[PDB]
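Presented below is the structure to which this report refers.
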Amino acid sequence: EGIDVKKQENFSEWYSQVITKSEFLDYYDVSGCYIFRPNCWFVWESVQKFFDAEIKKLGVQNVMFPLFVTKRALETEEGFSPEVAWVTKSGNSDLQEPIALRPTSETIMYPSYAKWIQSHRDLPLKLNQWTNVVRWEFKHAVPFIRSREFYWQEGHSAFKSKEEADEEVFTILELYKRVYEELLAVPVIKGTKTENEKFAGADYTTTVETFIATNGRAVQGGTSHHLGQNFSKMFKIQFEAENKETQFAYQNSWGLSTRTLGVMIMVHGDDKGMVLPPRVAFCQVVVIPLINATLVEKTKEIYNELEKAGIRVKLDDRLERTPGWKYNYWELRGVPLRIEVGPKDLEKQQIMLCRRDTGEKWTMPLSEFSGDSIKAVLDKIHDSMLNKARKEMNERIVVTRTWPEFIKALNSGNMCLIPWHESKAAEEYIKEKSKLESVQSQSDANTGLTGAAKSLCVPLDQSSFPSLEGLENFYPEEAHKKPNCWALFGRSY
Amino acid sequence: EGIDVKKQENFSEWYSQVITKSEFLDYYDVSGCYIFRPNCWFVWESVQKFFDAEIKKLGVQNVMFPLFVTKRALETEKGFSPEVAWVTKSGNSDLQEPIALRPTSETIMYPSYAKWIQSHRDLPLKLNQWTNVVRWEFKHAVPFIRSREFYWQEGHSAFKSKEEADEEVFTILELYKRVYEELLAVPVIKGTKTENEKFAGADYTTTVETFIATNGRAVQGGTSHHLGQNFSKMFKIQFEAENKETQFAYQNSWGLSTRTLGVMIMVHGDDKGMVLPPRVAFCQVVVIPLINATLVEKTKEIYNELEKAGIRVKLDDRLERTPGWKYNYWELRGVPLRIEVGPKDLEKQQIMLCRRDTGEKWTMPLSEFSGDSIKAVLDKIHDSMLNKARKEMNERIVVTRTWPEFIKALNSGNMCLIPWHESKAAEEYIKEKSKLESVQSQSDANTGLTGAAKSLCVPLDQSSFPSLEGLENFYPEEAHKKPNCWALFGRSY
Ligand SMILES: Nc1ncnc2c1ncn2[C@@H]1O[C@H](COP(=O)(O)OP(=O)(O)NP(=O)(O)O)[C@@H](O)[C@H]1O
Ligand SMILES: Nc1ncnc2c1ncn2[C@@H]1O[C@H](COP(=O)(O)OP(=O)(O)NP(=O)(O)O)[C@@H](O)[C@H]1O
Ligand SMILES: O=C(C[C@H]1NCCC[C@@H]1O)Cn1cnc2cc(Br)c(Cl)cc2c1=O
Ligand SMILES: O=C(C[C@H]1NCCC[C@@H]1O)Cn1cnc2cc(Br)c(Cl)cc2c1=O
Ligand SMILES: [Mg+2]
Ligand SMILES: [Mg+2]
């Protein structure tokens, strides 16, 4: 019926109410696993359709490798071993050989890559799969953001040269930016991860960072690695080059998950419920006749013209429901645009429009109604949602040249740009010190989160940042390691 | 290389060579699990695209429920226990209780159906999901046909009346017939399973049966159940009806798996390799210029015409390879149509065509060449493939009124239409009597198959069948129970 807790009052309770009452998600009796209902799964299918079409242009092909992986394969690569789920029984009998569930597919796929790649004519090899993933997360589960079963695509490419591989890393990273910005209306920051946060198997890791303004937390939104020759040496992925010598392939891997849906909801949801970006909305426009014979047919005509134009449109002519009840029903579920067709408005040859993101109501003359004009309204809603979130995000990025500035901005829910010289020890120092001086909400503490700051990324584009002249390393033991770039640090999920 | 064992010489070795050398499938180090390579996964994606579009017209919506099910939930349904795969630990730590991997999702989904359905206004509820499934099969694994991990869609619907549910069962069954015939060029027989073979939770089970002529075996191709109120009583799926009574919902479920791909290959594959039905072929047409600047330009124009028409076309202009080498390359991989462009052909303003299913070669004048005319050729190939398979299947259905006729037809690789009076004891009698008198190939024996006759289905359409007057029950202990329909029996996978 309604959200009874405000987003600003208790973020975790608000989130639970919005994802369930919108019919997006239900809870389940295996901890950390969730049910994706139709309006929710539609968003992920929309991401799939867009991403598939974009990677097809790059020559990537979809495959399906198995869910199961042997201990022998997995151990070809300690740190992650507590998160692996093990199948050990069939029926009532122990298996002679326990097997694990897919936590990622490097060790499942790369023995095949070593078989399939024999010469440079076999390269590039670029494969993708849309799969479920299992990780027995130690951290508290969070619907969409951190689930023990989640859904993703993982792409794995092999190249004859580093230049080709480098180019794909940033091409895929741009596609992840386009998913967030063009489909989900969520702004991103591109950067590289620090040595402590990057994939241990990667030469370097790139990320799109996203930001949750309500509790001032970043979310790692998607990942694109250059693996160098680290895995090709591990798995003997070699080829005869055109120069007749044998070389190790250069590889990348990259993944994007249903975490996207959680970011979308946390960024755009409000105290009336879901707010769906038009390009992933299960229903983009709901038409509601206010209740007469002629009004019904014009309402049917409005429905049919939008449907013919490819707009996902619904006609809510339910009899036993008041107009206001219908308004709440579809606002709760996130429909971006409502058309109200009333008798008074029909007399003036017009209709009433209400946009979900701002609540604004305005009239449109029927002479200006069309599939194109309604699509233009939907694009305006998309642009406003993205622009509002980007303005909020940018206002919450603070340049913090010194520790007192850093901890102050962190405690007020900002992301911080700090002078940086790469060092695992410096990053650990910052994490421990900020954690000791941090404060966080009871809701965040209940969600298993910490007030500690961690590295989010080193932004790719440093051109707008101020001078590093005279700035000191945040880690006093490494004052002799002069800062030479800016890093983004903040609280995180 | 190429296929070096004939389909009629050693069926299981032929099958292994065709699925691997065509780049459809690779073997893997977990028993009963296989790698689906791009050209193979394309077939399943094509089935998904078609089936999704058709069930959308019915109001069915896609969802995703979890991979895991609790022990308590799994035992609510009231045999299969040895096939259940159990996760018992994460890393080194035992779980509090083991959790099972999805063998099917009745016990995962129906507790939610009971929560979600409360009024007749909540019905019908029609959900579908495209998922992986795990069953610890005791029978010998067979690529595609019987794998320990497999992929399917499962649909689960709830209705306020039996009439609505009945209609859906046969609507879905017709869609499965269309998948096999219109996409895969595989003929089917629709029928109802006997009491011994139907799903224990179902009031009745329908099936599309398919036939592998090489070893005279049926394959159950897809399943559509009417569950009645059996599960809604089990899970308390109830609704307030229009008359204010509380009533149990009527339910169906239905599933179709990647077994489809195995049937397609076993039916159409030949001694040169894969033979792809055009509507699921990763590449429908390969254009090969015979080597010259004019020929190169005309060949590119031929390619461009087909690409613009939406035909999946490749241009194989590889330089140092004989025509016959390229021909073998694409024949092995199953491409249904080859276009050869040589200077002598262009001097007669014609191109040379060669169809994969029959090997026929013929010329087409350039003035008759277009996207539409090539599509018509591809449709002709589809029709021929389906018609050939149907003719063979019908020739291998034998009306067997007496036991000597039955065992003769069975041992010669036919399906048998027998006078039938439903009885589990009669079905078991026929199974054990036929097993004792049966013969089968060494390849079938090595595949873990048997010569026993299984009930396949009672065909829905009995109108073309002979008179039952004066026919005798095959089971002498029930001689007083006169045959009242015809049943299809045969060897099976
Ligand atoms: N448990 C999870 N649930 C949902 N999405 C996830 C989960 N773990 C990771 N992802 C997402 O999947 C992407 C690729 O996964 P990966 O690089 O393995 O993540 P990661 O290093 O484990 N990150 P994290 O655990 O969030 O600190 C990440 O960038 C996340 O956006
Ligand atoms: N192990 C398997 N591998 C691939 N497809 C399968 C497998 N088991 C069943 N299927 C297919 O999935 C459909 C729905 O499954 P279901 O009704 O549960 O099969 P079933 O009763 O176990 N049949 P079967 O084991 O072949 O005798 C079946 O009609 C088959 O076409
Ligand atoms: O999963 C990765 C690296 C990349 N794989 C391809 C898709 C994108 C992704 O960033 C990092 N990672 C994360 N969590 C893991 C958990 C376990 Br359990 C294991 Cl064994 C391994 C891993 C592991 O490798
Ligand atoms: O899986 C079924 C019934 C139907 N489920 C929905 C899709 C279509 C399908 O025919 C039958 N079946 C088959 N094999 C099973 C194996 C195990 Br293990 C379990 Cl627990 C249960 C089952 C089980 O229920
Ligand atoms: Mg992780
Ligand atoms: Mg079975």
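By order of appearance in the structure tokens: chains A, B, ..., then residues from 1 within every chain, and ligands from 1 in the order shown.
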(request) Would you list the residues that come within 9 Å of ligand 2? Count only C-alpha atoms and all ligand atoms and give the answer as number ranges by chain. (result) B: 32, 103-104, 133-137, 139, 141-154, 197-199, 205, 207-208, 219-225, 254-260, 262, 492-493
With N, CA and C atoms retained, export the selected residues as a compact mmCIF listing (two decimals), in the first residue's frame.
# COMPACT_ATOMS: atom_id res chain seq x y z
N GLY B 32 29.42 -35.73 -16.64
CA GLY B 32 28.07 -35.36 -17.01
C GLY B 32 27.84 -33.89 -17.26
N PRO B 103 16.67 -29.11 -8.57
CA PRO B 103 16.45 -30.18 -9.56
C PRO B 103 15.23 -29.89 -10.42
N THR B 104 14.48 -28.88 -9.98
CA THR B 104 13.24 -28.34 -10.53
C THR B 104 12.72 -27.42 -9.44
N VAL B 133 19.80 -26.48 -14.12
CA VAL B 133 19.17 -27.49 -13.29
C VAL B 133 20.22 -28.55 -13.00
N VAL B 134 20.20 -29.12 -11.80
CA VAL B 134 21.20 -30.11 -11.41
C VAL B 134 20.47 -31.37 -10.96
N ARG B 135 20.78 -32.48 -11.61
CA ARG B 135 20.30 -33.78 -11.15
C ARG B 135 21.45 -34.77 -11.21
N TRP B 136 21.67 -35.49 -10.11
CA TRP B 136 22.78 -36.44 -10.05
C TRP B 136 22.33 -37.75 -10.72
N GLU B 137 22.25 -37.68 -12.05
CA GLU B 137 21.74 -38.79 -12.84
C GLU B 137 22.55 -40.05 -12.57
N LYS B 139 21.89 -42.83 -14.50
CA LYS B 139 22.12 -43.32 -15.85
C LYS B 139 23.35 -42.67 -16.47
N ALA B 141 25.62 -40.56 -18.64
CA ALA B 141 25.39 -39.25 -19.23
C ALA B 141 25.53 -39.30 -20.75
N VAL B 142 24.71 -38.49 -21.43
CA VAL B 142 24.72 -38.37 -22.88
C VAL B 142 24.73 -36.88 -23.19
N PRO B 143 25.73 -36.36 -23.89
CA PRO B 143 25.74 -34.93 -24.22
C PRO B 143 24.39 -34.45 -24.74
N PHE B 144 23.91 -33.35 -24.15
CA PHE B 144 22.62 -32.71 -24.42
C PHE B 144 21.43 -33.53 -23.90
N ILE B 145 21.35 -34.81 -24.29
CA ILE B 145 20.17 -35.62 -23.98
C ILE B 145 20.01 -35.81 -22.48
N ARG B 146 21.10 -36.11 -21.79
CA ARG B 146 21.04 -36.41 -20.35
C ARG B 146 22.35 -35.96 -19.71
N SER B 147 22.37 -34.71 -19.23
CA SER B 147 23.54 -34.17 -18.55
C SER B 147 23.21 -33.88 -17.09
N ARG B 148 24.24 -33.89 -16.24
CA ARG B 148 24.01 -33.68 -14.82
C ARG B 148 23.72 -32.22 -14.49
N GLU B 149 24.31 -31.29 -15.23
CA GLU B 149 23.80 -29.92 -15.29
C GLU B 149 23.17 -29.76 -16.66
N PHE B 150 21.95 -29.23 -16.70
CA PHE B 150 21.34 -28.91 -17.99
C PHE B 150 20.61 -27.58 -17.87
N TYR B 151 20.18 -27.05 -19.02
CA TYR B 151 19.52 -25.75 -19.08
C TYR B 151 18.11 -25.94 -19.62
N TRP B 152 17.16 -25.21 -19.05
CA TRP B 152 15.78 -25.34 -19.48
C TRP B 152 15.05 -24.03 -19.26
N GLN B 153 13.80 -23.99 -19.71
CA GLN B 153 12.83 -23.08 -19.13
C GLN B 153 11.85 -23.94 -18.36
N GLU B 154 11.40 -23.44 -17.21
CA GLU B 154 10.28 -24.05 -16.52
C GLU B 154 9.22 -22.99 -16.30
N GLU B 197 4.21 -43.31 -16.04
CA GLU B 197 5.21 -42.37 -16.53
C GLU B 197 4.89 -40.91 -16.23
N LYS B 198 3.66 -40.58 -15.87
CA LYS B 198 3.35 -39.19 -15.59
C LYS B 198 4.05 -38.73 -14.32
N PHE B 199 4.22 -37.42 -14.22
CA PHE B 199 4.75 -36.80 -13.01
C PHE B 199 3.85 -37.14 -11.82
N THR B 205 -0.13 -35.73 -17.55
CA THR B 205 1.11 -35.22 -18.14
C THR B 205 1.03 -35.39 -19.65
N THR B 207 3.20 -34.74 -23.45
CA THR B 207 4.57 -34.82 -23.91
C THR B 207 4.61 -34.67 -25.42
N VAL B 208 5.73 -34.16 -25.94
CA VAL B 208 6.05 -34.29 -27.36
C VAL B 208 7.16 -35.33 -27.47
N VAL B 219 12.85 -40.21 -27.76
CA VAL B 219 13.34 -39.22 -26.80
C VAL B 219 12.15 -38.38 -26.35
N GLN B 220 11.90 -38.34 -25.05
CA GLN B 220 10.86 -37.45 -24.51
C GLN B 220 11.34 -36.01 -24.65
N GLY B 221 10.65 -35.23 -25.48
CA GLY B 221 11.21 -33.98 -25.94
C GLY B 221 10.83 -32.75 -25.16
N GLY B 222 9.82 -32.85 -24.31
CA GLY B 222 9.28 -31.69 -23.62
C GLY B 222 8.01 -32.09 -22.91
N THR B 223 7.66 -31.41 -21.82
CA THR B 223 6.64 -31.93 -20.93
C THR B 223 5.71 -30.81 -20.50
N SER B 224 4.40 -31.08 -20.48
CA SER B 224 3.43 -30.08 -20.03
C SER B 224 2.41 -30.77 -19.13
N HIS B 225 2.39 -30.40 -17.85
CA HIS B 225 1.56 -31.06 -16.84
C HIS B 225 0.36 -30.22 -16.44
N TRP B 254 5.48 -26.83 -16.85
CA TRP B 254 5.90 -27.30 -18.16
C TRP B 254 7.37 -26.93 -18.36
N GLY B 255 8.11 -27.79 -19.04
CA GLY B 255 9.54 -27.56 -19.19
C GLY B 255 10.08 -28.11 -20.49
N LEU B 256 11.12 -27.45 -20.99
CA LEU B 256 11.80 -27.78 -22.25
C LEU B 256 13.27 -27.47 -22.04
N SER B 257 14.16 -28.41 -22.38
CA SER B 257 15.57 -28.28 -22.01
C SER B 257 16.49 -28.32 -23.23
N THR B 258 17.79 -28.20 -22.96
CA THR B 258 18.80 -28.33 -24.01
C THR B 258 18.90 -29.75 -24.57
N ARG B 259 18.11 -30.69 -24.06
CA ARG B 259 17.91 -31.96 -24.77
C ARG B 259 17.51 -31.74 -26.23
N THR B 260 16.75 -30.67 -26.50
CA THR B 260 16.40 -30.25 -27.86
C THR B 260 17.59 -30.31 -28.82
N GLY B 262 20.37 -32.05 -28.64
CA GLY B 262 20.80 -33.40 -28.93
C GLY B 262 19.88 -34.10 -29.92
N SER B 492 13.90 -46.35 -25.64
CA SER B 492 14.00 -44.94 -25.28
C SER B 492 15.43 -44.61 -24.84
N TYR B 493 15.73 -43.31 -24.79
CA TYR B 493 16.91 -42.84 -24.07
C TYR B 493 16.53 -42.70 -22.61
(message) Could you list, as a count of residues only, all protein and nucleic acid residues with an atom at most 10 Å from ligand 1, counting only C-alpha atoms and all ligand atoms?
(response) 57
(message) I'd like the neighbourhood of residue A:351 as JSON, numbers by chain, where a residue qualifies if any of its atoms comes within 8 Å (using only C-alpha atoms), though same-chain residues fewer than 6 positions away should be ignored.
(response) {"A": [339, 340, 341, 342, 345, 363, 364, 365, 366]}
Now that the selection is made, can you save its residues with N, CA and C atoms as an mmCIF file, in the first residue's frame?
data_model
loop_
_atom_site.group_PDB
_atom_site.id
_atom_site.type_symbol
_atom_site.label_atom_id
_atom_site.label_comp_id
_atom_site.auth_asym_id
_atom_site.auth_seq_id
_atom_site.Cartn_x
_atom_site.Cartn_y
_atom_site.Cartn_z
ATOM 1 N N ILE A 339 -0.581 9.181 -17.681
ATOM 2 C CA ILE A 339 -1.505 9.995 -18.465
ATOM 3 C C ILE A 339 -2.873 9.872 -17.813
ATOM 4 N N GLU A 340 -3.441 11.009 -17.405
ATOM 5 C CA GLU A 340 -4.782 11.074 -16.837
ATOM 6 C C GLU A 340 -5.709 11.677 -17.883
ATOM 7 N N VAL A 341 -6.759 10.945 -18.245
ATOM 8 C CA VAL A 341 -7.721 11.382 -19.253
ATOM 9 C C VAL A 341 -9.037 11.664 -18.543
ATOM 10 N N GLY A 342 -9.367 12.944 -18.387
ATOM 11 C CA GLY A 342 -10.575 13.342 -17.706
ATOM 12 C C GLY A 342 -11.559 14.045 -18.620
ATOM 13 N N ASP A 345 -10.712 17.740 -19.228
ATOM 14 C CA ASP A 345 -9.574 17.884 -20.130
ATOM 15 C C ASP A 345 -9.932 17.520 -21.564
ATOM 16 N N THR A 363 -0.364 19.797 -18.737
ATOM 17 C CA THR A 363 -1.257 19.364 -19.800
ATOM 18 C C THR A 363 -0.543 19.372 -21.148
ATOM 19 N N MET A 364 -0.927 18.427 -22.004
ATOM 20 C CA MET A 364 -0.462 18.340 -23.378
ATOM 21 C C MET A 364 -1.656 18.411 -24.318
ATOM 22 N N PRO A 365 -1.668 19.332 -25.278
ATOM 23 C CA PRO A 365 -2.736 19.318 -26.286
ATOM 24 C C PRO A 365 -2.669 18.038 -27.102
ATOM 25 N N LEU A 366 -3.843 17.477 -27.403
ATOM 26 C CA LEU A 366 -3.882 16.268 -28.222
ATOM 27 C C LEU A 366 -3.279 16.509 -29.598
#
(message) Taking the DSSP secondary structure from the backbone, can you list the residues of stretch 324-454 of chain A that are strand (DSSP E), as a PyMOL selection string?
(response) chain A and resi 337-341+350-355+361-365+397-399+415-420+454
(message) Can you tell me, as a ChimeraX atom specification, which residues in stretch 177-318 of chain B count as alpha helix (DSSP H) by DSSP?
(response) /B:177-178,230-235,259-268,293-308
Those residues you just picked out, can you put them in a file as a short mmCIF file (atom, residue, chain, number, x, y, z; two decimals), in the first residue's frame with N, CA and C atoms?
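Output saved as result_39.cif:
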data_model
loop_
_atom_site.label_atom_id
_atom_site.label_comp_id
_atom_site.auth_asym_id
_atom_site.auth_seq_id
_atom_site.Cartn_x
_atom_site.Cartn_y
_atom_site.Cartn_z
N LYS B 177 5.75 -28.28 -29.81
CA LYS B 177 5.71 -28.81 -31.17
C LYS B 177 6.28 -27.79 -32.16
N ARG B 178 5.94 -26.51 -32.01
CA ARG B 178 6.45 -25.51 -32.93
C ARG B 178 7.95 -25.31 -32.77
N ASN B 230 -3.21 -30.57 -6.65
CA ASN B 230 -2.32 -31.40 -5.85
C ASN B 230 -1.28 -30.56 -5.11
N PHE B 231 -0.65 -29.62 -5.82
CA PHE B 231 0.34 -28.78 -5.16
C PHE B 231 -0.29 -27.64 -4.38
N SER B 232 -1.43 -27.11 -4.82
CA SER B 232 -2.03 -26.02 -4.08
C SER B 232 -2.59 -26.50 -2.74
N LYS B 233 -3.01 -27.77 -2.65
CA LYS B 233 -3.34 -28.34 -1.35
C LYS B 233 -2.09 -28.55 -0.50
N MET B 234 -1.00 -28.99 -1.12
CA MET B 234 0.25 -29.22 -0.41
C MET B 234 0.80 -27.92 0.17
N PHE B 235 0.79 -26.86 -0.63
CA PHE B 235 1.42 -25.60 -0.26
C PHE B 235 0.42 -24.54 0.19
N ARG B 259 18.11 -30.69 -24.06
CA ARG B 259 17.91 -31.96 -24.77
C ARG B 259 17.51 -31.74 -26.23
N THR B 260 16.75 -30.67 -26.50
CA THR B 260 16.40 -30.25 -27.86
C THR B 260 17.59 -30.31 -28.82
N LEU B 261 18.74 -29.79 -28.37
CA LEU B 261 19.91 -29.73 -29.23
C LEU B 261 20.39 -31.12 -29.60
N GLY B 262 20.37 -32.05 -28.64
CA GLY B 262 20.80 -33.40 -28.93
C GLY B 262 19.88 -34.10 -29.92
N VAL B 263 18.57 -33.91 -29.76
CA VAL B 263 17.63 -34.50 -30.72
C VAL B 263 17.89 -33.95 -32.12
N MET B 264 18.04 -32.63 -32.22
CA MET B 264 18.33 -31.98 -33.50
C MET B 264 19.53 -32.62 -34.19
N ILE B 265 20.60 -32.85 -33.43
CA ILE B 265 21.83 -33.39 -34.00
C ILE B 265 21.66 -34.85 -34.36
N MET B 266 21.06 -35.64 -33.46
CA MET B 266 20.88 -37.06 -33.74
C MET B 266 19.98 -37.30 -34.94
N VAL B 267 19.01 -36.41 -35.16
CA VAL B 267 18.10 -36.57 -36.29
C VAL B 267 18.78 -36.16 -37.59
N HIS B 268 19.38 -34.97 -37.63
CA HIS B 268 19.80 -34.38 -38.90
C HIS B 268 21.27 -34.59 -39.24
N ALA B 293 39.83 -8.49 -59.51
CA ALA B 293 39.19 -7.41 -58.76
C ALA B 293 37.68 -7.35 -58.99
N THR B 294 37.21 -7.73 -60.18
CA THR B 294 35.77 -7.72 -60.43
C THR B 294 35.07 -8.81 -59.62
N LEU B 295 35.66 -10.01 -59.56
CA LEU B 295 35.07 -11.09 -58.77
C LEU B 295 34.98 -10.70 -57.30
N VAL B 296 36.01 -10.04 -56.78
CA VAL B 296 36.00 -9.61 -55.39
C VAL B 296 34.86 -8.63 -55.14
N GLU B 297 34.63 -7.72 -56.08
CA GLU B 297 33.57 -6.73 -55.89
C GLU B 297 32.19 -7.37 -55.97
N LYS B 298 31.98 -8.27 -56.94
CA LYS B 298 30.68 -8.94 -57.06
C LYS B 298 30.41 -9.82 -55.85
N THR B 299 31.45 -10.50 -55.35
CA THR B 299 31.30 -11.32 -54.16
C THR B 299 30.91 -10.48 -52.95
N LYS B 300 31.55 -9.32 -52.79
CA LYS B 300 31.18 -8.42 -51.70
C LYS B 300 29.75 -7.93 -51.86
N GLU B 301 29.32 -7.66 -53.10
CA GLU B 301 27.95 -7.22 -53.31
C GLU B 301 26.95 -8.33 -52.95
N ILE B 302 27.28 -9.58 -53.28
CA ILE B 302 26.43 -10.71 -52.90
C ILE B 302 26.34 -10.82 -51.38
N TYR B 303 27.49 -10.75 -50.71
CA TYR B 303 27.51 -10.73 -49.25
C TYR B 303 26.65 -9.60 -48.69
N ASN B 304 26.80 -8.39 -49.24
CA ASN B 304 26.11 -7.22 -48.70
C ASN B 304 24.60 -7.35 -48.84
N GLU B 305 24.13 -7.86 -49.99
CA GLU B 305 22.70 -8.07 -50.17
C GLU B 305 22.14 -8.97 -49.08
N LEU B 306 22.86 -10.04 -48.73
CA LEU B 306 22.34 -10.97 -47.74
C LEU B 306 22.42 -10.39 -46.34
N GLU B 307 23.53 -9.69 -46.03
CA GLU B 307 23.64 -9.06 -44.72
C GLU B 307 22.52 -8.05 -44.49
N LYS B 308 22.23 -7.21 -45.50
CA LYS B 308 21.15 -6.23 -45.37
C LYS B 308 19.79 -6.89 -45.19
#
(request) Dump as an MDAnalysis selection string the residues of chain B that approach chain A to within 7 Å, counting only C-alpha atoms. (result) chainID B and resid 30 33:38 41 61:66 70 81:92 136
(request) Pick out the residues sitting within 8 Å of residue A:124, and hand them over as a PyMOL selection string; count only C-alpha atoms, and ignore anything fewer than 5 positions along from it in its own chain. (result) chain A and resi 157-160
Save the residues we just selected, N, CA, C and O atoms, as a PDB file, in the first residue's frame?
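File produced: again03.pdb:
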ATOM      1  N   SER A 157      38.639 -12.442 -22.638  1.00  0.00           N
ATOM      2  CA  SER A 157      39.213 -12.278 -23.962  1.00  0.00           C
ATOM      3  C   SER A 157      40.709 -12.566 -23.943  1.00  0.00           C
ATOM      4  O   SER A 157      41.383 -12.354 -22.934  1.00  0.00           O
ATOM      5  N   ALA A 158      41.213 -13.041 -25.079  1.00  0.00           N
ATOM      6  CA  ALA A 158      42.631 -13.318 -25.286  1.00  0.00           C
ATOM      7  C   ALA A 158      43.092 -12.647 -26.572  1.00  0.00           C
ATOM      8  O   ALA A 158      42.375 -12.670 -27.575  1.00  0.00           O
ATOM      9  N   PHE A 159      44.306 -12.092 -26.549  1.00  0.00           N
ATOM     10  CA  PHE A 159      44.847 -11.296 -27.647  1.00  0.00           C
ATOM     11  C   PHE A 159      46.299 -11.665 -27.895  1.00  0.00           C
ATOM     12  O   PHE A 159      46.993 -12.182 -27.017  1.00  0.00           O
ATOM     13  N   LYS A 160      46.767 -11.350 -29.102  1.00  0.00           N
ATOM     14  CA  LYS A 160      48.172 -11.563 -29.417  1.00  0.00           C
ATOM     15  C   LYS A 160      49.076 -10.469 -28.861  1.00  0.00           C
ATOM     16  O   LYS A 160      50.279 -10.701 -28.720  1.00  0.00           O
TER      17      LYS A 160
END
(message) I want to know what sits within 12 Å of residue A:367, based on only C-alpha atoms, with residues of the same chain fewer than 5 positions away left out; could you give that as a PyMOL selection string?
(response) chain A and resi 348-351+373
